[PDB]
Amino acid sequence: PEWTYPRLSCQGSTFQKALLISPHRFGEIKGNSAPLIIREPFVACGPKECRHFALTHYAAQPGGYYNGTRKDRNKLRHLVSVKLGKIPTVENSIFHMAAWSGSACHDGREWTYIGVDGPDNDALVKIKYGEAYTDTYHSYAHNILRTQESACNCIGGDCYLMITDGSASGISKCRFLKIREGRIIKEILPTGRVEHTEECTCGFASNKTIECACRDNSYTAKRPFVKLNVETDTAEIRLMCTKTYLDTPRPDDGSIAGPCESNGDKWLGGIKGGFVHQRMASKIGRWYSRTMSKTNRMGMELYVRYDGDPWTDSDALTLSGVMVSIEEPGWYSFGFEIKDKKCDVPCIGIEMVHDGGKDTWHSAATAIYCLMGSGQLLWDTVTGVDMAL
């Protein structure tokens, strides 16, 4: 097998409803199924198959282990996966490794799986290449070492993964692991606005740069934007200048005064946001997704912007459609690309969490929208699940 490289996107000018994976439409006390309790789903694709990954609490619905399924880190959590299209049940899934934070990507020949686990003050990034545990990385800030919760990106056998370490309420300077065949051959230290960068959604803007729309949990509702050079292996970060803030919670659009680099009010918190590229010979399409509600993880909107510099462009992004309405859950979103015969199809996935509190199960559905054809985005996604059943 030969190495994967980003190619031109397939042509299209709009995203449409592609696929909904609602595992819990089969979790009734009356039904006879075993969908796993999961969270932080993401899709990664190899040249031949796409895979629906997720972090399971090692429990099913119906079941008797709902207690604690709303908390994120523990000794039971595992990175699991199914072929995209398959329902993630107890028997359908493959357990890759113990992890309460993960990532995965296909280098063209084999699958690389990233799972972080261990004690908060000394967590560990573990790397698996296919069936073999090949390497690990240690906590540097000693405050919950974590990773992307979305696909890593490989080019010519070299895969780049964002990791971060630090306080959720303070400073978390991220790093980038350059992995090759399962072993870390390099650690990239980004430059610029480094005070807080987590849950980066990365993709190839070209064969020279990898860009990530990330999450700042302590200082702003603006998403830190990473420009990583795959030739010089150097990264530099700074805020997306756009009026259309993509974090949640956030203030009114255009609400933040000052130059591009202004944080504005902290707006304590954030969320992982969808972001994927549309590469054309002439232009670059940057697709973003963000919650409909400014304060809550309800709904999901699609935005596009062709060309410009995310760092210096104060202009608003263009609304491209409602993927999820305000009455449906809109939690984490990510980007991924399906590999078609000659070109790449960009897609955005939306984690639709079923929240009913700490005193009941807590799992998620995954909605998929991909670039296809033209015109306007036509329909939205509902999970269809009734938590009382």
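Residue positions are given as counts along the sequence shown, with the first one as 1.
- 236-244 and 291-299 differ in mean CA B-factor, and the higher of the two is recorded for 236-244.
- Judged by mean Cα B factor in the deposited record, 310-318 ranks above the other of 310-318 and 147-155.
- Based on the entry's C-alpha B-factors, the most elevated value among 90, 174, 87, 99 belongs to 174.
- Annotation for 104, 271, 163, 76: 271 ranks highest, by Cα B-factor.
- Among all modelled residues in this chain, the alpha-carbon of residue 254 has a temperature factor (C-alpha) in the highest third.
- Per the PDB record, residue ranking by Cα B-factor puts residue 216 in the lowest third of the chain.
- When all modelled residues of the chain are sorted by CA temperature factor, residue 27 is found within the middle third.
- In this PDB entry, residue 183 carries a Cα temperature factor that places it within the middle third of its chain's modelled residues.
- In the PDB entry, residue 8 places in the highest third of its chain by CA B-factor.
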